[PDB]
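One structure below.
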Amino acid sequence: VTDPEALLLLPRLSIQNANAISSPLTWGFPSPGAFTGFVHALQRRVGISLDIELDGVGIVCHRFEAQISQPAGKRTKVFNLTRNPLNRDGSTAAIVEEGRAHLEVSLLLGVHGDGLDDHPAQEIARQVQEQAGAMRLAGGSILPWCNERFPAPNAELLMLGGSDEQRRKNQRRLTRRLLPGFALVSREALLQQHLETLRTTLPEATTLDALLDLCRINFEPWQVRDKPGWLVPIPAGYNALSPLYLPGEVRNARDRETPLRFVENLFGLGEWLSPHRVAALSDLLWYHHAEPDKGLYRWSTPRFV
Amino acid sequence: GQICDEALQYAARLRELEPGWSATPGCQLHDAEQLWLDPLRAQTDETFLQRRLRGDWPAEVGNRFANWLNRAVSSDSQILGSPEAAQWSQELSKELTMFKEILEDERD
Amino acid sequence: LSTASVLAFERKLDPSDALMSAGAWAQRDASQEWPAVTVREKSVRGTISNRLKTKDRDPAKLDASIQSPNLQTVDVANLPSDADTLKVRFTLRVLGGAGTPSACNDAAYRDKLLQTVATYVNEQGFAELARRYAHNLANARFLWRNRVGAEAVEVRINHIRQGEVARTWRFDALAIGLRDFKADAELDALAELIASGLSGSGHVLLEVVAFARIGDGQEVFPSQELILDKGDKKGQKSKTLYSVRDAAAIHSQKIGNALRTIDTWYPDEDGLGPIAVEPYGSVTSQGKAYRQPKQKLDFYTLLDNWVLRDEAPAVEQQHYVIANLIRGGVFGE
Amino acid sequence: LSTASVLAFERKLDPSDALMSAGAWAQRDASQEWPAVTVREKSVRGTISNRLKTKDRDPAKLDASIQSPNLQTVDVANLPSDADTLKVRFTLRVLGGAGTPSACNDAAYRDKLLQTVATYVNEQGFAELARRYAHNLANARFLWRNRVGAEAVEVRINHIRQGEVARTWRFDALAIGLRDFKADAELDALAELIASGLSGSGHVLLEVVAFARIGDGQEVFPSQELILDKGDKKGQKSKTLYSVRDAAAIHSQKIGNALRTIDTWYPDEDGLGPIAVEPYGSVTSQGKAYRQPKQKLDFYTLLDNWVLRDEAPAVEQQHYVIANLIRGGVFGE
Amino acid sequence: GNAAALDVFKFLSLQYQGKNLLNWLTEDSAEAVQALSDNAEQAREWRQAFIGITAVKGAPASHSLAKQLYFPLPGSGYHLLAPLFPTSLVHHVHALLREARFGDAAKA
DNA sequence: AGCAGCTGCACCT
DNA sequence: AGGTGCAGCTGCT
RNA sequence: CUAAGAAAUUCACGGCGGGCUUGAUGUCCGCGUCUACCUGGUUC
């Protein structure tokens, strides 16, 4: 959870058939826990052999479309499903529902390792981008390069080396190729102060996310309340509801060499910002922290504003 | 502040998304928007095509955007005679002051 | 020892959604600016033509029921009225390391499976399975109804190493049939490339384009979607066809089904030809399922006898187990 | 023995949407760059003209309803005022293999069904059905209301092999009637070509152009579309016409219905004109069903007696079953 | 549980309606004897049967079709997390949402 | 001479 | 485009 | 090591017949756009 020594771009990742539902209460963009798990898997499969550490991720969503439909002019939406194979007896199977989406994003990573000193930067960027184009990010595969266009080769920006004016001009250089979309950040303090503002009726925090994701109109004794941006309810980690078990206790475990815990989601608030309106590019990066004495396993973005 | 960023993203994704930009209708008049929110050189790039909008002073676009922003924020003697219209003009001036620095780092 | 209670494999050979565009033959080598075909709507009206009930026929009631027709609105996709052919483009990547599961509970079952797959690959390569997987790229089975009735189908396949073309392949998809698997001098290089990518080193990227001369203004057949309908006074369905960005398209799982049409070793007959590799191998366009568990020729009992009790099956039926390990799936005790 | 629970066929005659354009007669040999016929709209103001129930047919209610007019907007397509001919162009392809189904559950049913169709084709070819199919391209029946009162109709038919013309046909569509099926020397070559396509021994793609001389500025009739909202008094759009990219057109199923107007074998009459082949052969304009199931002459009775019990239903009625199989559909349970 | 038992839950669910013996079916059998009208062994069997609704009732297990994700520790190995579905939170949010969509005061 | 399986049927909001 | 539990049956033992 | 790992929605079809949108009308009064300038861009 230190300030990273370098930033690593992944310029235009096109993902096909990602997971759209992402929570028992929301359905939009996928959860940022998928992105932090992706960068941890990428660290496990590359950075042990290249002597670096990757911890931060910045989600800039260039574009997004979903496999949804609109029935009868109703004010709801449904999901386009897929056709499963037949049953053993050969009749049909029961349908489970899942949503799919096609997104195009960009990912900036933070490097803290000592491998930067002994090897060229473009080799590390090329090896990370080459290894990243063979696994998936959100349940959906990462699409490779298409013909009749010039592809984007990723670069390694150095953050802890140089003068401050050269620093600010490099951070203004890298924000040129990531402006089409926006960035996603977390807003725990804003939700807390908005709970404490209207706390004179009911102090339940869950009635605050369900008071910012709506259009509230208390008319004259025709006006619309000033939204300060784009507030979205997101999943914000997990929270345990069972004691920690032993590596052989629970049957049908995924691995018999790791303790297991039952768990519920936690819901927080987030915001979509333009990339120009931040101070630095390392404020965006998502991290995750666990308190195993409690049951708090939470990802968030620290050191932002 | 939000309305500035929406226009910035619309200029970055609208003209920059489509890979074509032909001659505008009435090029003696439709050239300010075609020069500011216009793409780079193309197959019709003449001699004075890649040496006109990148070599000239890209600072009239800020005043042109302020002239559009002045219509949205209504001014009159009710605000100009009071001391709130001065701050309401100074806020738009502080917003459009970065419109030449952030909107002028591409060509120059 | 026994079977792990949590077992899972990952899909190798994953394609993308194919996109459809239109143009004219003998300009297909400059088909990078061909415009996309689009989904439109039209209205149909038909009468009673279904097999009505065995005692509600009633020759005065059928006349009264014929005067009220049916009325719909459907989606439809056609070639333009000046375009001749149809172009279908997609990309494929072979992922490698086709023996290791994604999830396994025991550590003894994992190494027994590891050495079983190791003896299979050491005894014979992936050459038979790659030679059968490359046939469905050399012919054009991935265009399902767009292949019926065409007079000329050709397929161009190019291999992508860096941002440039490493090697190119051109086939004539109507000469290579849909019934037998024969080895040409040009199909073996593609089979060796797929077998080298399937053995674990990284990933191998190919781009597949198919041109079908279908007519002039004739209709084409993209995928259609499965939705749960609207239920009001308005038009409920459009018989919705699939689109990516205002361009008609085929799904990824449908092309993945077309590439998997491999096994001719199922015990019914080779009169239906090859079917798709499934456990309890069943066909959706047939209503029933071959490879029943009453015989011993399904996926689960063969893997249980090959890993646990150590009785290897015939060398033909050894290809089927490796085939649906390359396919993927979730299996648990 | 019983019929299979899944049994589907596909259509063997594929037409496209027929687009229309306009020009002048005695220049129809240079009619490649003729401009299209566009759809406009206009306003109509009608009066009451329906039957009254004589419950509210009071002398004051009618005069009150006359003062409140109904105002509507309609779509309309006319010829230009300097042009007197309409030109309609489409393409058609004949596929063949018209006995084999698309889906089938039972394998004991489909083998003897293929046996029955094979003994039909071996006993007599596709010559009668192709003769009656070529008649409906000779007389331009696919122009439905654009054919009444016309001065002269002429039809050109080409045969396309590559991007070239292999054979050409010209016909006077008014000399060849809409009642009889009389064989010429030039119509039999087209009948032989269509039978060669339907049998399976060749690829057959045709393009059909029809010229109709009507008058300067007269009204033409394209296909009409469905309007979802109920007609609303006082300015609501009332009718819409079919279009492609800013050009009027006819649906493909409507010019396909005018090709299978074949059967004269229905038991009511034969001198009252041929109707279209259908199960329980029915005209929706007349509001009645010939080939009732109370007799033994519908499709599902003749097919279920010809296959399950082997009772041939006379040569005249055996072309009806094969024409229904060429049409397509889902039969069975 | 199994669906065929669900109607029996209706007999376990009427104790909170009308009477106040919803917690009086198993224990506090003063309302379970003059209204039960049975012997002592039948009353003990009924108190044992209706108290088993709130029991643990299962050995701690999971399945191969459940989730079981990995989560990283600060400088150590991992933890296996098995998320479940929040039925009661979903029911509370649904009751808060349908009233805002349509009801008495929202329609008035 | 029973174990194990398997099919099929019914219950339910 | 239901899951779960039980009555019955088989069958070579 | 990512609410991880897996998946064919398909076969056929005639939208159609009719129609009168009309009748009148005043856009008016008044006005200071000024000061400066080497294309010796490479109008290839």
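Letters A, B, ... mark the chains of the structure tokens in the order given; residue numbers begin at 1 per chain; ligand numbers begin at 1, in order shown.
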Inset, instruction - Compute the set of chain A residues within 6 Å of chain C, using only C-alpha atoms, and express it as a ChimeraX atom specification. - result: /A:71-72,80-81,90,252,255
Find the nearest atom pair between each residue of chain E and chain H for residues within 12 Å, count only C-alpha atoms (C1' of nucleotides), give distances in Å to one decimal, sort rows by chain and ascending number, and present the table as a tab-separated table.
residue	atom	partner	partner_atom	distance
E:64	CA	H:5	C1'	9.8
E:65	CA	H:5	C1'	9.3
E:66	CA	H:3	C1'	8.8
E:67	CA	H:3	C1'	6.1
E:68	CA	H:4	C1'	7.8
E:69	CA	H:4	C1'	6.4
E:70	CA	H:1	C1'	7.0
E:71	CA	H:1	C1'	9.1
E:72	CA	H:1	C1'	9.7
E:77	CA	H:1	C1'	11.5
E:78	CA	H:1	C1'	9.9
E:79	CA	H:1	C1'	11.6
E:80	CA	H:1	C1'	11.2
E:81	CA	H:3	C1'	10.5
E:82	CA	H:3	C1'	9.2
E:83	CA	H:3	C1'	7.3
E:84	CA	H:3	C1'	9.1
E:85	CA	H:3	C1'	9.8
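Chains of identical sequence, chain D and chain C give a C-alpha root-mean-square deviation of 1.3 Å after superposition over all matched alpha carbons.
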Return as JSON lines the residues of chain G lying at most 9 Å from chain E, together with the closest atom-to-atom pair for each and the distance in Å to one decimal, counting only C-alpha atoms (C1' of nucleotides), with rows in chain order and ascending residue number.
{"residue": "G:3", "atom": "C1'", "partner": "E:2", "partner_atom": "CA", "distance": 7.3}
{"residue": "G:4", "atom": "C1'", "partner": "E:2", "partner_atom": "CA", "distance": 5.6}
{"residue": "G:5", "atom": "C1'", "partner": "E:2", "partner_atom": "CA", "distance": 8.5}
Would you give me, as CSV, each residue of chain B having an atom within 12 Å of an atom of chain H, along with its shortest atom pair and that distance in Å to one decimal, using only C-alpha atoms (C1' of nucleotides) and sorting by chain and residue number?
residue,atom,partner,partner_atom,distance
B:46,CA,H:44,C1',10.4
B:47,CA,H:44,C1',7.8
B:48,CA,H:43,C1',9.2
B:51,CA,H:41,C1',10.1
B:52,CA,H:41,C1',10.6
B:55,CA,H:41,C1',11.4
B:56,CA,H:41,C1',11.8
Limited to N, CA and C atoms, could you put the picked residues into a file as a compact mmCIF listing (two decimals), in the first residue's frame?
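See result_35.txt below for the written result:
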# COMPACT_ATOMS: atom_id res chain seq x y z
N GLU B 46 -3.45 18.65 -48.14
CA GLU B 46 -2.71 19.44 -49.11
C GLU B 46 -1.47 20.04 -48.45
N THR B 47 -0.84 20.99 -49.14
CA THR B 47 0.36 21.63 -48.61
C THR B 47 0.03 22.52 -47.42
N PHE B 48 -0.99 23.37 -47.56
CA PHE B 48 -1.49 24.18 -46.45
C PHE B 48 -2.65 23.50 -45.74
N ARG B 51 -0.06 22.31 -42.18
CA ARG B 51 0.74 23.44 -41.73
C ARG B 51 -0.11 24.67 -41.43
N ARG B 52 -1.41 24.49 -41.18
CA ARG B 52 -2.32 25.59 -40.90
C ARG B 52 -2.87 25.55 -39.48
N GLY B 55 0.18 24.86 -36.82
CA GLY B 55 1.20 25.88 -36.71
C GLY B 55 0.66 27.22 -36.28
N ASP B 56 -0.64 27.43 -36.48
CA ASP B 56 -1.28 28.67 -36.08
C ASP B 56 -1.52 28.68 -34.57
Inset, instruction - Excluding region 69-76 of chain C and residues on its chain fewer than 5 positions from it, collect all residues at most 9 Å away from it, counting only C-alpha atoms (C1' of nucleotides), and give them as an MDAnalysis selection string. - result: (chainID C and resid 38:48 219:221 235:241) or (chainID D and resid 226 284) or (chainID H and resid 13 15)
Legend entry - alpha helix (DSSP H) per DSSP on the backbone: members of region 29-241 of chain A, as an NGL selection string: :A and (32-42 or 48-50 or 121-132 or 164-174 or 188-197 or 206-209)
Prev. selection, N, CA and C atoms, output as a short mmCIF file (atom, residue, chain, number, x, y, z; two decimals), in the first residue's frame:
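Once everything was written out, this is result_30.cif:
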data_model
loop_
_atom_site.label_atom_id
_atom_site.label_comp_id
_atom_site.auth_asym_id
_atom_site.auth_seq_id
_atom_site.Cartn_x
_atom_site.Cartn_y
_atom_site.Cartn_z
N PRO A 32 -15.33 -4.41 -9.21
CA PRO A 32 -13.88 -4.19 -9.24
C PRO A 32 -13.07 -5.28 -8.54
N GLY A 33 -13.72 -6.16 -7.77
CA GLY A 33 -13.04 -7.32 -7.24
C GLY A 33 -12.56 -8.27 -8.31
N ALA A 34 -13.27 -8.31 -9.44
CA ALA A 34 -12.80 -9.05 -10.61
C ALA A 34 -11.50 -8.47 -11.14
N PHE A 35 -11.38 -7.15 -11.14
CA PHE A 35 -10.18 -6.52 -11.68
C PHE A 35 -8.99 -6.70 -10.74
N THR A 36 -9.22 -6.62 -9.43
CA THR A 36 -8.13 -6.86 -8.49
C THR A 36 -7.72 -8.33 -8.46
N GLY A 37 -8.68 -9.25 -8.61
CA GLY A 37 -8.33 -10.65 -8.74
C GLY A 37 -7.60 -10.96 -10.03
N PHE A 38 -7.93 -10.24 -11.11
CA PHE A 38 -7.21 -10.41 -12.37
C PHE A 38 -5.77 -9.96 -12.25
N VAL A 39 -5.53 -8.82 -11.59
CA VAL A 39 -4.15 -8.36 -11.48
C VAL A 39 -3.37 -9.21 -10.48
N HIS A 40 -4.04 -9.83 -9.51
CA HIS A 40 -3.32 -10.74 -8.63
C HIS A 40 -2.97 -12.04 -9.34
N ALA A 41 -3.85 -12.52 -10.22
CA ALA A 41 -3.52 -13.70 -11.01
C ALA A 41 -2.40 -13.41 -11.99
N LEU A 42 -2.41 -12.21 -12.59
CA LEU A 42 -1.34 -11.81 -13.49
C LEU A 42 -0.01 -11.69 -12.76
N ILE A 48 6.40 -13.20 -10.37
CA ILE A 48 7.31 -14.05 -9.60
C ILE A 48 8.56 -14.34 -10.43
N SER A 49 8.40 -14.49 -11.74
CA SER A 49 9.52 -14.78 -12.62
C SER A 49 10.18 -13.53 -13.19
N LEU A 50 9.52 -12.38 -13.12
CA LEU A 50 10.16 -11.13 -13.53
C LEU A 50 10.53 -10.22 -12.37
N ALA A 121 12.44 -1.15 -19.92
CA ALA A 121 11.04 -0.97 -19.57
C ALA A 121 10.12 -1.59 -20.62
N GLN A 122 10.46 -1.43 -21.90
CA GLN A 122 9.59 -1.90 -22.97
C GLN A 122 9.54 -3.42 -23.03
N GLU A 123 10.60 -4.10 -22.58
CA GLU A 123 10.56 -5.56 -22.50
C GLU A 123 9.58 -6.03 -21.43
N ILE A 124 9.55 -5.35 -20.28
CA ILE A 124 8.63 -5.71 -19.21
C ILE A 124 7.19 -5.42 -19.63
N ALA A 125 6.96 -4.28 -20.28
CA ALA A 125 5.63 -3.94 -20.76
C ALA A 125 5.15 -4.92 -21.83
N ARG A 126 6.05 -5.31 -22.74
CA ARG A 126 5.69 -6.25 -23.80
C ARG A 126 5.41 -7.64 -23.25
N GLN A 127 6.19 -8.08 -22.26
CA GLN A 127 5.96 -9.42 -21.71
C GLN A 127 4.69 -9.47 -20.88
N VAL A 128 4.37 -8.40 -20.15
CA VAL A 128 3.11 -8.38 -19.41
C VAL A 128 1.92 -8.33 -20.35
N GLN A 129 1.99 -7.51 -21.42
CA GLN A 129 0.89 -7.44 -22.37
C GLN A 129 0.74 -8.72 -23.18
N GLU A 130 1.84 -9.42 -23.45
CA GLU A 130 1.76 -10.68 -24.18
C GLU A 130 1.19 -11.78 -23.31
N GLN A 131 1.54 -11.79 -22.03
CA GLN A 131 0.98 -12.81 -21.15
C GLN A 131 -0.47 -12.52 -20.79
N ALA A 132 -0.88 -11.25 -20.83
CA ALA A 132 -2.24 -10.90 -20.47
C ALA A 132 -3.25 -11.23 -21.56
N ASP A 164 9.77 17.56 -11.36
CA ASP A 164 8.33 17.66 -11.12
C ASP A 164 7.59 18.22 -12.33
N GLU A 165 8.22 19.13 -13.08
CA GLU A 165 7.60 19.62 -14.30
C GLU A 165 7.57 18.54 -15.37
N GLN A 166 8.66 17.77 -15.50
CA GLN A 166 8.66 16.62 -16.40
C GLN A 166 7.68 15.55 -15.95
N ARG A 167 7.50 15.41 -14.63
CA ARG A 167 6.48 14.51 -14.09
C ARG A 167 5.09 14.93 -14.53
N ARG A 168 4.76 16.22 -14.35
CA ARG A 168 3.43 16.70 -14.68
C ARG A 168 3.17 16.67 -16.18
N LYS A 169 4.21 16.87 -16.99
CA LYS A 169 4.01 16.78 -18.43
C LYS A 169 3.88 15.33 -18.90
N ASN A 170 4.54 14.38 -18.22
CA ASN A 170 4.32 12.98 -18.56
C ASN A 170 2.93 12.51 -18.14
N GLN A 171 2.43 13.00 -17.00
CA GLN A 171 1.08 12.64 -16.58
C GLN A 171 0.03 13.33 -17.45
N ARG A 172 0.37 14.48 -18.04
CA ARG A 172 -0.53 15.07 -19.03
C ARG A 172 -0.39 14.39 -20.39
N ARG A 173 0.73 13.71 -20.63
CA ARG A 173 0.89 12.94 -21.86
C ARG A 173 0.08 11.66 -21.82
N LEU A 174 0.14 10.93 -20.70
CA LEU A 174 -0.54 9.64 -20.63
C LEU A 174 -2.05 9.78 -20.50
N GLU A 188 -16.84 6.36 -0.01
CA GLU A 188 -17.33 5.97 1.32
C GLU A 188 -17.61 7.19 2.20
N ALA A 189 -16.75 8.20 2.13
CA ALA A 189 -16.92 9.38 2.98
C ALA A 189 -18.12 10.22 2.56
N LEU A 190 -18.38 10.30 1.26
CA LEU A 190 -19.53 11.06 0.77
C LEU A 190 -20.84 10.39 1.18
N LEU A 191 -20.89 9.06 1.12
CA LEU A 191 -22.06 8.33 1.59
C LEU A 191 -22.23 8.47 3.10
N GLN A 192 -21.12 8.52 3.84
CA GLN A 192 -21.20 8.68 5.28
C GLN A 192 -21.72 10.07 5.66
N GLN A 193 -21.22 11.11 5.01
CA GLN A 193 -21.69 12.46 5.34
C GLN A 193 -23.10 12.70 4.83
N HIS A 194 -23.52 12.01 3.76
CA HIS A 194 -24.91 12.14 3.34
C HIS A 194 -25.84 11.35 4.25
N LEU A 195 -25.36 10.27 4.85
CA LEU A 195 -26.14 9.60 5.89
C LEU A 195 -26.26 10.48 7.12
N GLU A 196 -25.18 11.15 7.50
CA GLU A 196 -25.20 12.00 8.68
C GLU A 196 -25.95 13.31 8.46
N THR A 197 -26.15 13.73 7.21
CA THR A 197 -26.98 14.91 6.96
C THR A 197 -28.45 14.62 7.24
N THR A 206 -28.48 1.43 4.46
CA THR A 206 -28.98 0.84 3.22
C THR A 206 -30.07 1.69 2.59
N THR A 207 -30.72 2.55 3.36
CA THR A 207 -31.65 3.53 2.84
C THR A 207 -30.97 4.80 2.37
N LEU A 208 -29.67 4.75 2.10
CA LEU A 208 -28.96 5.88 1.50
C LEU A 208 -28.53 5.60 0.08
N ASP A 209 -28.02 4.40 -0.20
CA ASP A 209 -27.80 3.97 -1.58
C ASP A 209 -29.11 3.94 -2.35
#
Inset, instruction - For chain H, report every residue with an atom at most 9 Å from chain C (counting only C-alpha atoms (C1' of nucleotides)), formatted as a list in words. - result: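 Only these qualify: residues 5, 6, 7, 8, 9, 10, 12, 13, 14 and 15 of chain H.
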Inset, instruction - Could you list the residues in chain F lying within 9 Å of chain E, using only C-alpha atoms (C1' of nucleotides), and format the result as JSON, numbers by chain? - result: {"F": [11, 12, 13]}
Legend entry - Within 12 Å of residue 3 (chain F) using only C-alpha atoms (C1' of nucleotides), minus same-chain residues under 5 positions, as a count of residues only: 4
